[PDB]
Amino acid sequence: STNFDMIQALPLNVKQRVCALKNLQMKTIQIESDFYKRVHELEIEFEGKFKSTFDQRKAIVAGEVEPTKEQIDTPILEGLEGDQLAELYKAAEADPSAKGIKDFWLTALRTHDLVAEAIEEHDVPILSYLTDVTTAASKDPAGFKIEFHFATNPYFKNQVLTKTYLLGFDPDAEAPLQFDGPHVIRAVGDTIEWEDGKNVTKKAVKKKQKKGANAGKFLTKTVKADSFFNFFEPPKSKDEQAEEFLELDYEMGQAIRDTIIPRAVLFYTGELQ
């Protein structure tokens, strides 16, 4: 490609040596596929190890379990602390009506550079009903899953919105050297049973009709709006722009699974930027 001029002038006996290295490069890649699969099993094996601290965190956010004294001693901001810290705790008094941690997952998702662009303002009060975000991996349907848990809400009846990605760990047969890790095959969202007139994924538009029975009058059409909850209506795999869009969907699921869920409080508090 970018050294094509050198490759062209290579004598044929040397070219054949380069062909031999490409054949070897396929074998090295096949092993790298076995590696990533064993890394995948490792992510799964550790899910049980994380579960305790993630379950404990869900109880704190819902107000279902009260913090222990040892937890009170942990500094709220690992930054500068001493008496400079003590006046921070004294900045606002306790409110027994303030139960749990309000707007927790909204704040963590809004604080991530990539995700914040997906959250529009008409999405904001919906994500306030977000109790927990969950992820889990799988081998037989190879890939992982993200579960969004919503409390009872006036926007829709669903209590969990699931986003599942089907991942391929083997090199593509008609692009074997292109392999750099697990690639997406398919993304499957979820169907949202919205309540009336509150579907944010949809949008009403007015246009003057020029001809017909409604000439000189406005019809109200319904079209797509920008919303985070389009995340659960992903592009299909099967304008060839989709291959950009599917990756854009995937790059968001990666951010949610790999970074925010293990570091939720640090995005809430803003110690990562």
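Rigid core here is just the name for the largest C-alpha set that superposes within 1.5 Å across the two forms. Sequential numbering from 1, following the sequence displayed.
In 5 other deposited structures of this protein, superposed by the rigid core, the C-alpha atoms of 240 to 248 lie farther from the shown form than the other of 240 to 248 and 46 to 54.
Stretch 222 to 230 is the one, of 222 to 230 and 56 to 64, whose CA positions lie farther from the shown form in 5 other deposited structures of this protein once all structures are superposed by the rigid core.
For residue 209, the fraction of other compared entries lacking coordinates, among those that model flanking residues, reaches at least a third.
Gap between residue 238 and residue 239: 4 to 9 deposited residues without coordinates. Remark: stretch with higher mean C-alpha B factor among 219 to 227 and 37 to 45 is 219 to 227. Of the two segments, 87 to 95 and 183 to 191, the one listed with the higher mean B-factor is 87 to 95 (C-alpha atoms only).
When the Cα B-factors of 112, 139, 145, 149 are read from the PDB record, 139 comes out highest. Residue set 108, 161, 101, 175: peak C-alpha B-factor at 175 (per PDB entry). Sorting the modelled residues of the chain by their CA temperature factor places residue 196 in the highest third. Among the modelled residues of the chain, residue 68 sits in the highest third by CA temperature factor in this PDB entry. When all modelled residues of the chain are sorted by CA temperature factor, residue 54 is found within the lowest third. Ranked by C-alpha B-factor against the other modelled residues of its chain, residue 207 falls in the middle third. Per the deposited record, the Cα B-factor of residue 80 falls in the highest third when ranked against the other modelled residues of its chain.
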